[PDB]
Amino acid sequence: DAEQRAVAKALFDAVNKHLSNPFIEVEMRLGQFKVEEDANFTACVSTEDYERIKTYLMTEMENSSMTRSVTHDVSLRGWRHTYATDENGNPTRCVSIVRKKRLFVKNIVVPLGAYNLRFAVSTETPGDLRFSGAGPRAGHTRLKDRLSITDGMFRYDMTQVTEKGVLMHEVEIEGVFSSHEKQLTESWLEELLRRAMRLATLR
């Protein structure tokens, strides 16, 4: 509690200078270190931990708005092309083209036995949609089966990502702001830690 307030202030003092940037995004990702060979941190949770997180959120947030989308992402020259998906899971039309620029990244200290937490602030700038002419297979692709639960200023994202045949499970929390420059405050960052720590320690 007392230390949670300190890290919330440390996060805010580092992110404060960036809130004037348009298209800024803030996220807290569950994950773990040294779970695949060539990577340091991997933003994934186990299959059964994903499921236990799901029912927790389904029960404690059953009153909240819930969306559900299947999309097909293509990484190409640093840009991410998002495609809509048909009944078979296959790409149709390109809906958005965005470029992600990491601004600030912080590792959150976590209780022993809980999932690691990664706090990231970045810009996701939309781009010229004519670049969809490259098609949905010009680069590495990820099929994303996302369940989003929006609760106030927080959006929980639970995603099954099929990539090169293997299916991974991802859990993250995003900020839902009308104006992040005015609404992302210390007390918001303190709550983000509270809610992320709850998911990370569900065992």
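All residue numbers are counted from 1 along the displayed sequence.
- At least a third of the other compared entries skip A134 while keeping the residues on either side.
- The records show that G78 is omitted from the coordinate set of at least a third of the other eligible entries of this protein.
- Per the PDB record, of the two stretches 21 to 29 and 181 to 189, 181 to 189 carries the greater mean B-factor over its C-alpha atoms.
- For the pair 153 to 161 and 60 to 68, the mean Cα B-factor is higher in 60 to 68.
- Residues shown: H140, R52, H169, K144. Highest C-alpha temperature factor in the entry: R52.
- Per the PDB record, residue ranking by Cα B-factor puts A200 in the lowest third of the chain.
- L103: CA B factor lies in the highest third for its chain, per the PDB record.
- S96 sits in the middle third of its chain by CA B factor, as recorded in the PDB entry.
- For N88, the recorded CA temperature factor ranks within the highest third of the chain's modelled residues.
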